[PDB]
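*Asks:* Mind looking over this structure? Questions follow.
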Amino acid sequence: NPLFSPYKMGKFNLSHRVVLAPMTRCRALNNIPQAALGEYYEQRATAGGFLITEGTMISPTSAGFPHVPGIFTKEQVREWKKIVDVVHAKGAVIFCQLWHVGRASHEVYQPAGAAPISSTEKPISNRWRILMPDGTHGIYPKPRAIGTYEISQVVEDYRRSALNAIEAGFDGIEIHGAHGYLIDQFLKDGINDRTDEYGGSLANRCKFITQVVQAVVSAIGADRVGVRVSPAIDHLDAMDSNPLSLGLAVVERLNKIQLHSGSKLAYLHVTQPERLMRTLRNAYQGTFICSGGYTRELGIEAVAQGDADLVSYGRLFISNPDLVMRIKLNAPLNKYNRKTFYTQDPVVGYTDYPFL
Ligand SMILES: Cc1cc2nc3c(=O)[nH]c(=O)nc-3n(C[C@H](O)[C@H](O)[C@H](O)COP(=O)(O)O)c2cc1C
């Protein structure tokens with residue numbers, strides 16, 4: 001089974017290629033990482049296995065889901081440290097995904113009920129609704145389009161959060177540049193209507209992600225930085241007229257960051273909607289994680305055919321804490337319950353999915 005050949009993700013030698021994809025679960029009450037998170041990640045950790053945490057806030061203005069963890073305060077650092085220690089005691093490698101939702105927010109999630117920030121003042125259209133803290137769904141508001149000074153401040157928030165993640169003991173961080181969130185609101189020409197140096201051409205639209213990645217690379221080292229993008233996913237009104245071109249343009253800038261820094265990133269992580277994946281892999285000089293709809297058989301095939309070095313699983317990892325072992329044994333998998341993806345119980349639908 002090619003998923004069980006070892007792989008060197010730079011200075012981290014992984015024992016197998018099954019990766020826990022980042023998944024928002026909303027158990028981090030009041031943005032504090034809770035003991036429940038430690039139990040959840042511990043159940044899924046394996047010796048030499050790689051885990052990516054749920055999206056984690058970089059600033060008070062970065063959230064658009066309830067009870068998502070932050071890593072911008074020293075209190076949050078202390079609590080993450082307890083979780084990282086538990087996962088490291090099982091021999092796993094763990095990266096913290098840094099997440100800013102941009103315009104995908106609501107007054108209820110913003111300090112003082114302020115408008116969320118974006119590249120644009122265009123709101124997400126009414127076809128999408130936001131999950132509210134009470135479990136209902138609300139309307140995405142009009143965001144505030146930020147100037148270039150504020151862009152530099154957001155980059156600094158990523159930089160400080162990356163340093164905080166290292167202080168908590170994380171092996172690295174992943175930049176969430178996917179799924180229509182803040183970075184994707186700069187990348188995608190269906191969203192980015194700017195006429196300044198951050199809008200228009202591919203080079204201008206890639207400026208923000210480039211500056212974010214460079215900032216965190218300078219702060220913690222390229223080999224501790226992964227990058228996640230989704231050029232072909234149009235979630236939250238995040239379409240590009242030419243997804244393949246956009247994906248290749250991002251890869252270009254990542255390859256250049258690696259040359260100028262003299263080191264490789266930890267990986268590029270691309271997720272697809274339920275030949276583009278292979279094309280970006282072929283263009284990128286480094287480790288590639290594929291994601292989106294992978295099964296045991298499709299993951300085996302992806303590694304065997306050279307389409308990816310690592311394969312990340314999301315929904316099946318929700319309901320199969322021992323997903324790695326089930327893939328190894330070709331054991332039957334447990335169903336997942338969508339109703340408890342984003343609820344707040346520390347156990348129900350979170351840690352009570354059974355082992356083999
Ligand atoms: C409940 C849920 C939460 C998710 N949260 C995140 C997230 O925080 N960051 C991210 O990049 N992707 C997130 N995703 C997308 C997944 O990481 C993954 O790419 C997606 O589920 C497709 O892979 P799969 O077929 O293995 O589930 C989430 C998906 C689900 C279903």
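Starting from 1 in every chain, residues are counted up; chains themselves are A, B, ... following the order of the structure tokens, and ligands are numbered from 1 as listed.
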Counting only C-alpha atoms and all ligand atoms, what are the residues, protein, DNA or RNA alike, that approach ligand 1 to within 10 Å? I want them as a ChimeraX atom specification.

*Replies:* /A:19-26,52-56,65,68,97-99,174-179,181,227-230,269-274,290-295,311-318,336-342

*Asks:* If you run DSSP over the backbone, which residues in segment 266-335 of chain A end up alpha helix (DSSP H)? Put them as an MDAnalysis selection string.

*Replies:* chainID A and resid 276:283 296:304 315:319 323:329

*Asks:* Counting only C-alpha atoms, what are the residues of segment 39-83 of chain A within 12 Å of segment 120-130 of chain A, and for each of them which pair of atoms is the nearest and at what distance in Å, to one decimal? Sort the table by chain and rising number, as a tab-separated table.

*Replies:*
```
residue	atom	partner	partner_atom	distance
A:63	CA	A:130	CA	11.7
A:64	CA	A:130	CA	7.9
A:65	CA	A:130	CA	8.1
A:66	CA	A:130	CA	10.4
```

*Asks:* May I ask which of the residues A:351, A:204, A:59, A:136 is the closest one to residue 41 of chain A, counting only C-alpha atoms?

*Replies:*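 Closest residue, counting only C-alpha atoms: A:351.
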
*Asks:* When you count only C-alpha atoms, which of these residues is closest to residue 222 of chain A: A:262, A:354, A:91, A:243?

*Replies:* A:262

*Asks:* Rounded to one decimal in Å, what is the spacing between atom CA of residue 310 of chain A and atom CA of residue 288 of chain A?

*Replies:*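 A separation of 6.5 Å between them.
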
*Asks:* Can you check which residues of segment 40-277 of chain A DSSP gives as strand (DSSP E) on the backbone and send them as a VMD selection string?

*Replies:* chain A and resid 50 to 57 93 to 99 117 to 118 129 to 131 137 to 139 144 to 145 172 to 177 225 to 229 267 to 271

*Asks:* Let's have the selection written as a tab-separated table (two decimals), in the first residue's frame, with N, CA and C atoms.

*Replies:*
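Saved as result.tsv:
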```tsv
chain	number	residue	atom	x	y	z
A	50	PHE	N	0.50	13.03	10.12
A	50	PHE	CA	0.40	14.48	10.05
A	50	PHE	C	-1.04	14.92	10.27
A	51	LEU	N	-1.23	15.90	11.14
A	51	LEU	CA	-2.53	16.48	11.45
A	51	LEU	C	-2.50	17.97	11.15
A	52	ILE	N	-3.58	18.49	10.57
A	52	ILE	CA	-3.78	19.92	10.37
A	52	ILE	C	-5.00	20.32	11.18
A	53	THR	N	-4.85	21.34	12.03
A	53	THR	CA	-5.97	21.73	12.88
A	53	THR	C	-7.03	22.46	12.06
A	54	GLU	N	-8.20	22.57	12.68
A	54	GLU	CA	-9.25	23.46	12.22
A	54	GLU	C	-8.70	24.86	12.01
A	55	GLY	N	-9.35	25.61	11.12
A	55	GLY	CA	-9.02	27.01	10.97
A	55	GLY	C	-8.99	27.74	12.30
A	56	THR	N	-7.96	28.57	12.50
A	56	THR	CA	-7.73	29.24	13.78
A	56	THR	C	-7.59	30.73	13.53
A	57	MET	N	-8.28	31.55	14.35
A	57	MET	CA	-8.28	32.99	14.13
A	57	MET	C	-6.93	33.64	14.39
A	93	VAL	N	2.81	14.71	13.96
A	93	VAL	CA	3.18	16.06	13.56
A	93	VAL	C	1.89	16.84	13.38
A	94	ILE	N	1.86	18.07	13.88
A	94	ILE	CA	0.64	18.88	13.85
A	94	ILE	C	0.96	20.30	13.42
A	95	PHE	N	0.21	20.80	12.43
A	95	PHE	CA	0.30	22.18	11.97
A	95	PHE	C	-1.02	22.88	12.31
A	96	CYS	N	-0.93	24.17	12.63
A	96	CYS	CA	-2.11	24.98	12.95
A	96	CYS	C	-2.49	25.78	11.71
A	97	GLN	N	-3.74	25.66	11.27
A	97	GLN	CA	-4.19	26.40	10.10
A	97	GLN	C	-4.64	27.80	10.52
A	98	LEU	N	-4.03	28.82	9.91
A	98	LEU	CA	-4.35	30.21	10.23
A	98	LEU	C	-5.41	30.72	9.25
A	99	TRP	N	-6.51	31.25	9.79
A	99	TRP	CA	-7.73	31.44	9.01
A	99	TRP	C	-8.31	32.83	9.27
A	117	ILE	N	-14.14	42.75	6.93
A	117	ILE	CA	-13.22	43.36	5.97
A	117	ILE	C	-13.04	42.45	4.77
A	118	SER	N	-12.71	43.05	3.63
A	118	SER	CA	-12.48	42.27	2.42
A	118	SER	C	-11.63	43.09	1.46
A	129	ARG	N	-25.93	31.56	3.05
A	129	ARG	CA	-26.30	32.03	4.38
A	129	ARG	C	-25.24	31.61	5.40
A	130	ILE	N	-25.10	32.42	6.46
A	130	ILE	CA	-24.08	32.21	7.47
A	130	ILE	C	-24.69	31.53	8.69
A	131	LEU	N	-24.01	30.52	9.22
A	131	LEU	CA	-24.44	29.92	10.48
A	131	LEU	C	-24.26	30.92	11.61
A	137	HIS	N	-29.61	30.47	10.43
A	137	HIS	CA	-28.77	30.97	9.36
A	137	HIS	C	-29.15	32.42	9.06
A	138	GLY	N	-28.13	33.26	8.90
A	138	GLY	CA	-28.31	34.68	8.70
A	138	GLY	C	-27.78	35.16	7.37
A	139	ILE	N	-27.81	36.48	7.16
A	139	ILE	CA	-27.45	37.07	5.87
A	139	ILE	C	-26.06	37.69	5.96
A	144	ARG	N	-16.30	45.91	4.33
A	144	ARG	CA	-15.53	47.13	4.15
A	144	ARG	C	-14.27	46.78	3.35
A	145	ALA	N	-14.04	47.51	2.26
A	145	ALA	CA	-12.85	47.28	1.44
A	145	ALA	C	-11.66	47.99	2.07
A	172	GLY	N	4.31	23.53	12.72
A	172	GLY	CA	4.25	24.50	11.65
A	172	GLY	C	2.86	25.07	11.57
A	173	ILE	N	2.63	25.85	10.52
A	173	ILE	CA	1.33	26.45	10.26
A	173	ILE	C	0.94	26.19	8.81
A	174	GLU	N	-0.36	26.28	8.55
A	174	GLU	CA	-0.88	26.26	7.19
A	174	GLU	C	-1.64	27.55	6.95
A	175	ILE	N	-1.39	28.19	5.81
A	175	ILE	CA	-2.11	29.39	5.41
A	175	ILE	C	-3.40	28.98	4.71
A	176	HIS	N	-4.54	29.35	5.28
A	176	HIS	CA	-5.83	29.07	4.65
A	176	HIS	C	-6.07	30.10	3.56
A	177	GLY	N	-5.76	29.72	2.32
A	177	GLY	CA	-6.00	30.59	1.17
A	177	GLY	C	-7.08	30.06	0.25
A	225	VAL	N	5.93	26.01	6.95
A	225	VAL	CA	4.81	26.74	6.35
A	225	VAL	C	4.20	25.91	5.23
A	226	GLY	N	2.92	25.56	5.39
A	226	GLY	CA	2.14	24.99	4.30
A	226	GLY	C	1.15	26.01	3.77
A	227	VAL	N	0.69	25.84	2.52
A	227	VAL	CA	-0.24	26.78	1.89
A	227	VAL	C	-1.39	25.99	1.27
A	228	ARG	N	-2.63	26.39	1.55
A	228	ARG	CA	-3.80	25.71	1.01
A	228	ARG	C	-4.58	26.65	0.11
A	229	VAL	N	-4.92	26.19	-1.10
A	229	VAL	CA	-5.71	26.96	-2.05
A	229	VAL	C	-6.74	26.05	-2.71
A	267	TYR	N	4.69	22.32	2.19
A	267	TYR	CA	3.86	21.72	1.15
A	267	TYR	C	2.93	22.76	0.55
A	268	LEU	N	2.40	22.42	-0.62
A	268	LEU	CA	1.21	23.02	-1.19
A	268	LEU	C	0.06	22.02	-1.08
A	269	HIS	N	-1.09	22.50	-0.62
A	269	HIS	CA	-2.27	21.69	-0.32
A	269	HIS	C	-3.40	22.24	-1.18
A	270	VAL	N	-3.90	21.44	-2.11
A	270	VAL	CA	-4.94	21.88	-3.04
A	270	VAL	C	-6.19	21.05	-2.80
A	271	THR	N	-7.32	21.71	-2.69
A	271	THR	CA	-8.58	21.02	-2.51
A	271	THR	C	-9.47	21.32	-3.71
```

*Asks:* Report, in Å with one decimal, the straight-line distance from atom CA of residue 47 of chain A to atom CA of residue 90 of chain A.

*Replies:*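 Value for the atom CA of residue 47 of chain A-atom CA of residue 90 of chain A distance: 5.7 Å.
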
*Asks:* Can you tell me, as a list in words, what residues are no more than 9 Å from residue 14 of chain A when counting only C-alpha atoms, ignoring any on the same chain fewer than 4 positions away?

*Replies:*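 Once the nearby chain positions are removed, what remains is residues 5, 6, 7, 8, 9, 47, 48, 49, 50, 92 and 93 of chain A.
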
*Asks:* Smallest atom-to-atom distance to residue 197 of chain A: which of A:83, A:69, A:62, A:119, using only C-alpha atoms?

*Replies:*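 Ranking A:83, A:69, A:62, A:119 by distance to residue 197 of chain A, first place goes to A:119.
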
*Asks:* Identify, on the basis of only C-alpha atoms, every residue whose closest approach to residue 283 of chain A does not exceed 12 Å; exclude the query and any residue fewer than 6 positions from it along the same chain; express the result as a VMD selection string.

*Replies:* chain A and resid 244 to 245 247 to 256 268 276 to 277 307

*Asks:* Only N, CA, C and O atoms, please: the residues just picked out, written as an mmCIF file, in the first residue's frame.

*Replies:*
```cif
data_model
loop_
_atom_site.group_PDB
_atom_site.id
_atom_site.type_symbol
_atom_site.label_atom_id
_atom_site.label_comp_id
_atom_site.auth_asym_id
_atom_site.auth_seq_id
_atom_site.Cartn_x
_atom_site.Cartn_y
_atom_site.Cartn_z
ATOM 1 N N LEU A 244 -7.533 27.391 -13.725
ATOM 2 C CA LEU A 244 -6.231 26.778 -13.957
ATOM 3 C C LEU A 244 -5.129 27.832 -14.030
ATOM 4 O O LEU A 244 -4.065 27.666 -13.418
ATOM 5 N N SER A 245 -5.376 28.926 -14.763
ATOM 6 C CA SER A 245 -4.426 30.033 -14.820
ATOM 7 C C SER A 245 -4.135 30.589 -13.441
ATOM 8 O O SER A 245 -2.974 30.860 -13.093
ATOM 9 N N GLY A 247 -4.475 29.097 -10.511
ATOM 10 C CA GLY A 247 -3.707 28.126 -9.755
ATOM 11 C C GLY A 247 -2.244 28.114 -10.145
ATOM 12 O O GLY A 247 -1.355 28.072 -9.290
ATOM 13 N N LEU A 248 -1.973 28.174 -11.445
ATOM 14 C CA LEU A 248 -0.587 28.190 -11.890
ATOM 15 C C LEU A 248 0.116 29.482 -11.478
ATOM 16 O O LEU A 248 1.319 29.466 -11.177
ATOM 17 N N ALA A 249 -0.613 30.602 -11.460
ATOM 18 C CA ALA A 249 -0.024 31.869 -11.038
ATOM 19 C C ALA A 249 0.378 31.825 -9.570
ATOM 20 O O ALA A 249 1.444 32.329 -9.193
ATOM 21 N N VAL A 250 -0.460 31.227 -8.722
ATOM 22 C CA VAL A 250 -0.095 31.075 -7.318
ATOM 23 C C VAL A 250 1.132 30.187 -7.181
ATOM 24 O O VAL A 250 2.068 30.504 -6.434
ATOM 25 N N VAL A 251 1.161 29.071 -7.914
ATOM 26 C CA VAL A 251 2.296 28.153 -7.824
ATOM 27 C C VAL A 251 3.588 28.869 -8.213
ATOM 28 O O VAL A 251 4.628 28.705 -7.560
ATOM 29 N N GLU A 252 3.534 29.672 -9.284
ATOM 30 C CA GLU A 252 4.661 30.510 -9.700
ATOM 31 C C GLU A 252 5.231 31.319 -8.545
ATOM 32 O O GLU A 252 6.448 31.337 -8.329
ATOM 33 N N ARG A 253 4.366 32.019 -7.802
ATOM 34 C CA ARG A 253 4.858 32.856 -6.712
ATOM 35 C C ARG A 253 5.431 32.021 -5.578
ATOM 36 O O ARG A 253 6.411 32.433 -4.947
ATOM 37 N N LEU A 254 4.850 30.844 -5.315
ATOM 38 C CA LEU A 254 5.386 29.977 -4.274
ATOM 39 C C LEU A 254 6.754 29.435 -4.662
ATOM 40 O O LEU A 254 7.663 29.366 -3.824
ATOM 41 N N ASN A 255 6.913 29.030 -5.922
ATOM 42 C CA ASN A 255 8.220 28.579 -6.391
ATOM 43 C C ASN A 255 9.258 29.687 -6.237
ATOM 44 O O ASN A 255 10.397 29.425 -5.832
ATOM 45 N N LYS A 256 8.864 30.937 -6.504
ATOM 46 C CA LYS A 256 9.780 32.070 -6.380
ATOM 47 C C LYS A 256 10.118 32.367 -4.921
ATOM 48 O O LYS A 256 11.267 32.694 -4.601
ATOM 49 N N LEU A 268 2.404 22.418 -0.625
ATOM 50 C CA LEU A 268 1.207 23.024 -1.194
ATOM 51 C C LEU A 268 0.063 22.018 -1.078
ATOM 52 O O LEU A 268 0.233 20.833 -1.386
ATOM 53 N N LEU A 276 -6.836 19.194 -13.255
ATOM 54 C CA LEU A 276 -6.332 20.416 -12.635
ATOM 55 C C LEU A 276 -5.388 20.102 -11.478
ATOM 56 O O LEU A 276 -4.345 20.750 -11.329
ATOM 57 N N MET A 277 -5.729 19.103 -10.663
ATOM 58 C CA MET A 277 -4.899 18.754 -9.514
ATOM 59 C C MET A 277 -3.495 18.344 -9.953
ATOM 60 O O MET A 277 -2.494 18.813 -9.394
ATOM 61 N N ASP A 307 0.382 11.603 -8.457
ATOM 62 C CA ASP A 307 -0.473 12.780 -8.461
ATOM 63 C C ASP A 307 -0.342 13.590 -7.176
ATOM 64 O O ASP A 307 -0.739 14.762 -7.146
#
```

*Asks:* Residues near residue 198 of chain A, anyone? I mean within 9 Å using only C-alpha atoms, not counting same-chain ones fewer than 2 positions away, as a PyMOL selection string.

*Replies:* chain A and resi 119+148+186+192+194-196+200-201+203-208
